[PDB]
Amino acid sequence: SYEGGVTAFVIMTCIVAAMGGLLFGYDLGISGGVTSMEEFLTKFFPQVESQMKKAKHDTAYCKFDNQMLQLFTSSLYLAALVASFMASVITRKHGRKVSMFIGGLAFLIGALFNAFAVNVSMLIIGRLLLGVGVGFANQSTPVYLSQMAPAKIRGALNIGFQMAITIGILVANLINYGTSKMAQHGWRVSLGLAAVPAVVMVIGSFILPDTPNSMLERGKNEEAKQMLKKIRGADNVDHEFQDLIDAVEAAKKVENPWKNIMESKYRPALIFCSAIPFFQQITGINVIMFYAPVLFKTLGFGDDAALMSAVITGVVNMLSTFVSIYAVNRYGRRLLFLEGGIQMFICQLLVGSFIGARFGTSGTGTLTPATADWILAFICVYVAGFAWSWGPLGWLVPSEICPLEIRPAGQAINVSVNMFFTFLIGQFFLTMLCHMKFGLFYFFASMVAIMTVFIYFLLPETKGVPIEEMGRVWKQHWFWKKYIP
């Protein structure tokens, strides 16, 4: 019943949001392919590529175990973790669009720092800057886009952002496959192409307006409704406008969500706002996402085949994220948590044992065409199972079970421990693979068993139930009944 359709304002916001999502996915998916390139390894980590062919030909589990090489991947997420708090502050004091702008600018400057890197300190300075971009943009871009979108197609545009991210992953994989055949400086093109959507984002981010919600929260109702009318193209926006003032009056009268978050009425949610992210990262999904090319390279794929296999993981992640829309709205959260968990579990066991039967505990041995094919196939079945379970639900259900009196705290801790464990995966996958050998896949498998047991016994169905009623579904539960008075 909100009047107002598609305007040039929402086209602009959608250009900027698409650029931001593509940037997320691209900077996530480019690092692994570039780490697998022997030009890049020669120029920044020579001690690593010496230990791979003539010297140390078969030592599969530890060829790439170097803390600086993995810092190249992880520093982005370290910086994103810290920059999310900084973006919280700057969105409050100045505005969400300012954080959008700062994130786009960080994307641009860091992409250029990466492309022009003549030493390793430049390299991870650029990565830290891309992380600053992620920290400022993941905050600002989605809720700016949702505020700007007409209520009718709002969900469609948010789903568009969501899949902009995964298609960006696939785009980065493809760019890596392509630039790897450049005779020189292909990794530069790979890391640097991020600068194009980054400057589209910088420009659009600068010219776009403060949202009517923002003007309402800083007391400019007069400007707010005029801007709402101009952004909607409808000649009266009263129904939407006073729902916005209701929302901002409600948000204003909550004192502090951090003291409410740890009162017992909300401690199921708090538990799940801490357990869901950890679990999502201890699945081992970013093993694949960050390090699929170098994993295939340690097992003896060959550069070309490793990059192509990363491309197929990207294709499967994209298609399965497509079906995850239909999946999360046809089936319940418990069903898909359980199904995806057992799928990932079977695949992790199988992959770990193929690798163990070919290389043992000493890292010496040969892959076979059939075992290489099976390892890739079950990696992909694994990421497909993740892509319609712990992937989307790992953000969906923490927001779902969080009333507005607790939602800022809930999403703060959600994103921060998710980012911290993302960082740990990126910083320690290769050294864990060295110390645990093929047993690391068994470790990830047993932790997925643990998290699925956790979901089966502790999280009740939250699909289709309203926020104001989650309380009841929480004390119908045999265990959480302990916490609601």
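The numbering used is simple: start at 1 and walk along the sequence shown.
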Looking only at CA atoms, which has the higher mean B factor in the entry: 53 to 61 or 430 to 438? 53 to 61
What stretch has the higher average Cα B-factor here, 390 to 398 or 241 to 249? 241 to 249
Using the temperature factors in the entry, find which of 163, 319, 134, 208 has the highest value at its Cα atom. 163
Highest CA B factor of 330, 127, 185, 97, as deposited, is found at 330
Using the B-factor values recorded in the entry, state whether the Cα atom of residue 339 falls in the lowest, middle or highest third among the modelled residues of its chain. middle
Using the B-factor values recorded in the entry, state whether the Cα atom of residue 83 falls in the lowest, middle or highest third among the modelled residues of its chain. middle
CA B-factor ranking of residue 33, expressed as a third of its chain: middle
Using the B-factors in the PDB entry, rank residue 255's C-alpha atom against the chain and give the third, lowest, middle or highest. highest
Name the third of the chain's ranked CA B-factors that contains residue 15, choosing lowest, middle or highest. lowest
